[PDB]
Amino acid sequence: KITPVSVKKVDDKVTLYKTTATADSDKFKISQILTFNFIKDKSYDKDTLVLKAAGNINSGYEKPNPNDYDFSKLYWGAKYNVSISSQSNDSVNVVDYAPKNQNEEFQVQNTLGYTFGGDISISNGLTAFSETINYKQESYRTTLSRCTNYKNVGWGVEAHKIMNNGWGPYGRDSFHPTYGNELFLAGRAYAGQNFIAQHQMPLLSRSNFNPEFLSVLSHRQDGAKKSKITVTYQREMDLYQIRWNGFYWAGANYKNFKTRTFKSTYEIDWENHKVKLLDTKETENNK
């Protein structure tokens, strides 16, 4: 689903065209809610698109059977990747975005502002147009992809310091020589009842991530009127296992044992400030 364009004349010189497009994968429990803000600026001969990427990405977590006796496992949402990408020989660049710096605050919050004549400023916290991002990521860290460039921006939102009661912090690769990975281990019952209480797991590991990310695409008004972009939401599911060995409970964490990847493709009509869904692509890996 795609809203019609709504139009806000900010003054004689700036018009905003907004459309919100929604693309869902019911199979993966991912829902992309994209808000496209075209900024028409009569003093600047580039189109500006502020694209806000929101919605939700299910963690992939399911509660274990409480009757698992000697051995039990859970999958959890250990990393979320978002990318917004342009094409190599179109004349559209990714010129700015938010967030930009590595960030482990409980809430990521940024404000983007567009200044008349075409300048973008990004600041911390909640100009002719403004937009904000705000997302909770407790126990996770957001890192800008090292492969961000003029055709592509990406972020990884990844398990960083997970506290287990007053124990930890644990991560995806924690290893104790005896207990293995203790991330979600209650006590060193049935295996199925020896994971820590769900409410003590980070919300991103057991429920949904609600991403909010901004990017700024600049389009030259010479050459083509239309271009394509893609937006990818992805989860890495880690397999977290607990096992009685004879003497004690030990845990093991296998990174990215399942991957789920939803890519949508949109045609951008820069002359008319409209977008059209061209494609959705669900891929999965299962180690």
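One rule holds for the numbers: they count along the sequence shown, beginning at 1.
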property	result
Length class of the unmodelled deposited segment, which would lie between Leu126 and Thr127	4 to 9
Unmodelled deposited residues between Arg188 and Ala189, binned	1 to 3
Stretch with the greater mean C-alpha B-factor as recorded in the entry, comparing 243-251 against 221-229	221-229
Average Cα temperature factor in the PDB entry - higher stretch of 140-148, 74-82	140-148
Out of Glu104, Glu212, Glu158, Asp173, residue topping the C-alpha B-factor column of the entry	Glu104
Entry-reported Cα temperature factor of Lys40, expressed as the chain third it lands in	middle
B-factor third for the C-alpha atom of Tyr69 within its chain	highest
B-factor third for the C-alpha atom of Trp167 within its chain	highest
Lowest, middle or highest third - CA B-factor, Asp238	lowest
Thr115 CA temperature factor, ranked by third within the chain	highest
